[PDB]
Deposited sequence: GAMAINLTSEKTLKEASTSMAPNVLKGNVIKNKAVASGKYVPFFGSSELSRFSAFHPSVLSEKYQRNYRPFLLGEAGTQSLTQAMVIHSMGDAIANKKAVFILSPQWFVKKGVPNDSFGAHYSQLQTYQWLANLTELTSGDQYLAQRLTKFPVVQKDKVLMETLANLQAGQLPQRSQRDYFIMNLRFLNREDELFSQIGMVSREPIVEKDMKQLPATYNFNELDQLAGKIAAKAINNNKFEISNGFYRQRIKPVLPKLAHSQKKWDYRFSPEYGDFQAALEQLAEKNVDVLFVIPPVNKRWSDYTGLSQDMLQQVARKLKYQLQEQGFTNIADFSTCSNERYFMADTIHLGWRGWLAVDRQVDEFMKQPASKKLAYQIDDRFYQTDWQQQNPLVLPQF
């Protein structure tokens, strides 16, 4: 590629920070440089990150010229296992820095992350890099190996499967296995440099458009009221306070079938609790200070689908126990805000007033001036299947 294509330029990092480009998520050059600079705070999440408005953290941070910008990492289908490898691949770039982790209760389904969701975001670069540089084996490495062998995208990689088998047996990758990954990494790193920007569509034009809606100076109460007025315009074609486009495209054509459709849904038991532990161990190993966010589900929608808000509180209690028990004490739990109007953009994605509330917690967290106690037993099936009614309220 032409030398003028500078993947680490200031403009490139700025443009990529709001793109949610999966090729950047699967790569190393761009995302690692952004986080290593200290100016970009990685936002680990999924599809909710794209719900932009005047009150999205990417817009508020640009409008008021803060000393940091979010770097959105995730999309639909990127859960904890994918993110654990994203975090690990940053290496020392994220060490001793700050991050934001947006949990989705919907991640914690009975069977965990679907095969196609993990496969669609599987990074051979990051996975091969992890195995090539492995010099000391940890329980987290063995848990990652065990989980990866369960997905078809990995099972078709025989050398990888053979290497993951040794990890589970307590052995480092064999010399011939490490050499193999190193051979391929020469191609994978070159392809990262050449192709990681294909399909990148920055949301900077949306940022600059929404900035024109915000006052010149920041005031939460003013913004909170303004978010209600703007939201009220964009949810007027239905009674569930759902965005017009989202509603007419996904809800309206099948509205009768969705009634009571979620009465039996349950997020209390899931392999995702183990995959989430994998991300927590990676963050703790690099001394990353993290703010965790738990969103609600719109009360007006859950009343129609039958999704249990009591069950969602059981899920929050389980997650906050796993966090607090191990030293993760920065938690913005908005799961009790289900009845807050204009909080969500649609059914499950944070919206106008939700992002404003998250933005305040993020901003306060970034101004805050680590005693982690990782417990490997959170990887075990008995925790994945643990009923949270016995847990305390941390």
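No C-alpha positions are given in the record for the deposited-sequence stretch 370 to 373, the only such gap.
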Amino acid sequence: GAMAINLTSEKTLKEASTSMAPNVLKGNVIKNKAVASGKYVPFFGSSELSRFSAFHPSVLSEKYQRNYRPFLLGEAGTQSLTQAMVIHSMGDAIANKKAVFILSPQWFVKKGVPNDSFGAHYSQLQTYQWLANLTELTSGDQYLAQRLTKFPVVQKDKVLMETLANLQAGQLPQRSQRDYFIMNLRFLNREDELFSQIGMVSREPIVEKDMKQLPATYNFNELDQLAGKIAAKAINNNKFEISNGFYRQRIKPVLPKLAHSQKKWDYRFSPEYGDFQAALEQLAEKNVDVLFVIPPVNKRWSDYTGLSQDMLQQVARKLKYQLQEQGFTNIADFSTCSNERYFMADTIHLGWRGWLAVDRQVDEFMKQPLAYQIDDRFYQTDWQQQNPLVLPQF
From here on, numbers count along this sequence of modelled residues.
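Comparing the deposited coordinates for 229 to 237 and 170 to 178, the stretch with the larger average C-alpha B-factor is 229 to 237. Higher mean CA B-factor, judged across 110 to 118 and 204 to 212 from the recorded values: 204 to 212. Based on the entry's C-alpha B-factors, the most elevated value among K156, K97, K320, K252 belongs to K252. In the deposited coordinates, the residue among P57, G354, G45, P369 with the greatest CA B-factor is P369. When the CA B factors of the chain's modelled residues are split into thirds, the value for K31 lands in the lowest one. When the modelled residues of the chain are ordered by C-alpha B-factor, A4 sits in the highest third.
Ranked within its chain, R190 lands in the middle third, by CA B factor from the PDB record. For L134, the recorded CA B-factor ranks within the highest third of the chain. Only modelled residues enter the ranking. Ranked by Cα temperature factor within the chain, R147 sits in the lowest third according to the deposited record.
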